[PDB]
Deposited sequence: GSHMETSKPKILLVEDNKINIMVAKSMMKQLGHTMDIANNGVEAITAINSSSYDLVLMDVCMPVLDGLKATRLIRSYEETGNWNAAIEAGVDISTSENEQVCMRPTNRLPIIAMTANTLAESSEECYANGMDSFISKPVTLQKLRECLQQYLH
């Protein structure tokens, strides 16, 4: 049972780099390009870890995380439905990837329900440190 990992990121360069780093660490990942795609993936698969970009179009990672936490609390996606998202007790580890701006403090990540964060640019050592704590 290899751990299942979801990468949520809108920047294609960032995806190619993170994919190769994770491969060297022995992991493959599913890819979502915005919060709506993340929710679609999460609704249909059971992940062991989600790496969640903060700033994305359509639905950002902070709102997506709140909606996933609401789902975990209530058992349904009604918060997401009310927020306009189209949708057809085991707390997901969600790690923010932040971009060094006022709009992306670690405290803000935490206030939207993220468990931890990695400061971009992602490096092998930053990923390693994260995986060794959150993947068993």
Enumerate the deposited-sequence segments absent from the coordinates, judged by C-alpha atoms, in order of position. 1-6, 95-105
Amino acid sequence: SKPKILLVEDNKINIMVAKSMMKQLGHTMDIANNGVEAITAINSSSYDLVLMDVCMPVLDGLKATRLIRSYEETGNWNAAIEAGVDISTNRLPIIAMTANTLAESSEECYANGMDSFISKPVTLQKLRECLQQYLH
From here on, numbers count along this sequence of modelled residues.
Of 33-41 and 78-86, which one has the bigger average CA B-factor? 78-86
Could you settle it for me: does 91-99 or 22-30 have the higher average Cα B factor in the PDB entry? 22-30
Taking the chain's C-alpha temperature factors as the reference, tell me which third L59 falls into: lowest, middle or highest. middle
Test of reading the entry: by CA B factor among the chain's modelled residues, which third contains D48? middle
For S70, the third of its chain by CA B-factor is the middle
Using the B-factor values recorded in the entry, state whether the Cα atom of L135 falls in the lowest, middle or highest third among the modelled residues of its chain. highest
